[PDB]
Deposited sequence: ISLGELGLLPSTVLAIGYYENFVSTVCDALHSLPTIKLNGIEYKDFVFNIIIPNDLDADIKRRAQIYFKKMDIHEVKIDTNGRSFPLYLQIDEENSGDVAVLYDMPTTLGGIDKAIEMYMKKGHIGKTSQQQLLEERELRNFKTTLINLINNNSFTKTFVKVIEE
């Protein structure tokens, strides 16, 4: 039943169009220079939200502000400068994940406040399936395997 789920296609998209694009970009730099600091290497921490919403970008904004992570653009990413020495510690919360609630909220009637028993069980399985798929793809590729970790909010 996995491979038909939206959370599979969303983790493939995110892995190919974002994770892969950003490791290659950072490995293509003669030297990694972020706000005047040269780093040998980077970790990329992908934060899986504990709960799903149409506006994951707004959730992300609140989470990185809560956590005092500053913005580094290459497109744009978050670095914890305080806790990053020779290894730059970068973060993303995947905003693509909002398209699950957006697709559900689309093709529905306007009023609905909250989520059916069926809907909450869906987001749960979709969040965990996205995390598994994304970890699998990271680990099967020498270009991502060591440089990218998937962690909970």
{"property": "Sequence order list of spans that the model leaves without C-alpha positions, deposited numbering", "result": "1-4, 79-86"}
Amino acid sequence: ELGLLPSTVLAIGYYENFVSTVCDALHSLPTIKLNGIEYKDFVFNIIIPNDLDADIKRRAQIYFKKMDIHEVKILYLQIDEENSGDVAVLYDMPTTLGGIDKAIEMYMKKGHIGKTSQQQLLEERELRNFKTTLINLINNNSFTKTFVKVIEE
From here on, numbers count along this sequence of modelled residues.
property: Per the entry, higher mean C-alpha B factor between 82-90 and 43-51; result: 82-90
property: Stretch with the higher entry mean CA B-factor, where the candidates are 27-35 and 106-114; result: 106-114
property: Largest Cα B-factor, entry values, listed residues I100, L121, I62, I56; result: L121
property: Entry-reported Cα temperature factor of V148, expressed as the chain third it lands in; result: lowest
